[PDB]
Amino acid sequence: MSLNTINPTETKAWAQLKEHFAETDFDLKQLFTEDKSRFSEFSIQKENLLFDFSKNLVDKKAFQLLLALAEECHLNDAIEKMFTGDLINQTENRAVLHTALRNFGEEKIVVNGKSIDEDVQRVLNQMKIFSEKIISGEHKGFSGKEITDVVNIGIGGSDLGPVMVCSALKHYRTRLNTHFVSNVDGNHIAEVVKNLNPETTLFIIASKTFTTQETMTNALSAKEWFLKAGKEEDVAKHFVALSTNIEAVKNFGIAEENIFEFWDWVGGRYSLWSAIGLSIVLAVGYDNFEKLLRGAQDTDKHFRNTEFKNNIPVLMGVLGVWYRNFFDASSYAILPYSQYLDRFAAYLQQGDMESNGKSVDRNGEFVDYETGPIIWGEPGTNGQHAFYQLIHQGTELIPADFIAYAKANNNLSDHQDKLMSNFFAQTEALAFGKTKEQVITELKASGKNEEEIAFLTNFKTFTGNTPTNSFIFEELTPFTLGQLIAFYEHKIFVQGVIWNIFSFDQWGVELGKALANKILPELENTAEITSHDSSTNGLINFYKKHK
């Protein structure tokens, strides 16, 4: 074992938490009524950032017990084991060192007896120099024209991060137009390249193995499209690779000089900070990419050095454990009040759910408690006008993070104050609701009679007691986006430590891949398929009749 393997349900803090939950009503209206200092005591102000956790269903005792739980699971020990390069990914025997990608060489981390910082900086410099030549126009396509369009091709960790960050930092864009192909459904690449010119398009093929079926099927289709205008010897001018399979890349026609390396201690869902970020470097420039990494590093230092009571990722993590394991809340909503964060919740679906969607603990034993929740959401105000009806008046407890910026990158008329009035009002509404007495007063004020009031009252009541965190940053910049992503990276780490699971492997993807490998040749022949269960057989045979 590397990380300690404490079963959280066997700790003293867990037993105390169970007792405290069973004998305490956590009513937000009452909690705030009884202590005018509640906001001041349950919030963290960190330079230009406010993290307000006072609308959580916790009292002082529950809060202290949640910190005790983190300590009794040896969280500090776990933090140092990750940062210093211990092999905490025990099922694959690997370090977990996305943090080293953004430490700017300030700590020398050793892997297999070799310092890694020189390698990290080498690839960062390679991305800087390459991106400068594309952006400046010095790098020409096969007919002598400047590149105008960059198409990233990847799946999972090689797609979601680039998509989310490039959307989030559109205000900081270079002249280049960005595009992201990921589905093996060939309609994805077909629609993306429909209006592009092979003479002026650069493709990034993001695959560590360079044998990923989806990405390489797309890569070959991009090359075939390109070769309607360019020649085979032109591929090296228009295609680059984020990969470690040197021979496979060279066989594809890409130059070895344009291979950008990353390492097995970089998990895909933690990889945008590495070579996988090349499309971000091109989209917003290398200096902005550096600011993004500096924001993550800022959160790293905060997380590693701060006592738990003032440590934002630790508080995010233990509060999530409180709702998942004691309030039995199955989901956690991510609701950012910025159109730029339109793909942020989708990004956290991989980062969170692929990390902690596990049912075997670090001793190899099946768990009998809940682990990772379902992560979901849309930016406000868009999600607000789609599904908040259910958060306010459904039968489900849905804790949520509300995220906002004080300044808008593009400030128009009174849009920003209007946006923020919703940000404040929604968490106020979710926490404190609206009583029967208030509803009756409003129904009488609108001229309703006795029968109408009696029928309508319960439909207009709001129970409240839905808990939230609220984040306010001053402005959305590369740096503050890096801070924010890294907060969730470390929240996920905290929860994996406490749940006694392995956050950095993903054995759950293997079965679907193996079964699809068997089915593919069956779809290409003309035979009636009888080799599976009757449903798989029936679906395949219906498909063959209609394909």
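One rule holds for the numbers: they count along the sequence shown, beginning at 1.
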So, looking at the entry's B-factor column for Cα atoms, which has the higher mean, 491-499 or 30-38? 30-38
Selected stretch [higher average CA B-factor]: 148-156 or 365-373: 365-373
Which one of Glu354, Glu451, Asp185, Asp401 shows the biggest C-alpha B-factor in the PDB entry? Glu451
Selection from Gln297, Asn197, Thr468, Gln126 [criterion: highest C-alpha temperature factor in the record]: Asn197
Split into thirds by Cα B-factor across the chain's modelled residues, where does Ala516 land: lowest, middle or highest? middle
What third of the chain, by the recorded C-alpha B-factor, contains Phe479? lowest
Assert third(CA B-factor, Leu66) within chain per record equals middle
Sort the modelled residues of this chain by their C-alpha B factor and say whether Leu50 lands in the lowest, middle or highest third. middle
Chain-relative CA temperature factor third for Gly137: highest
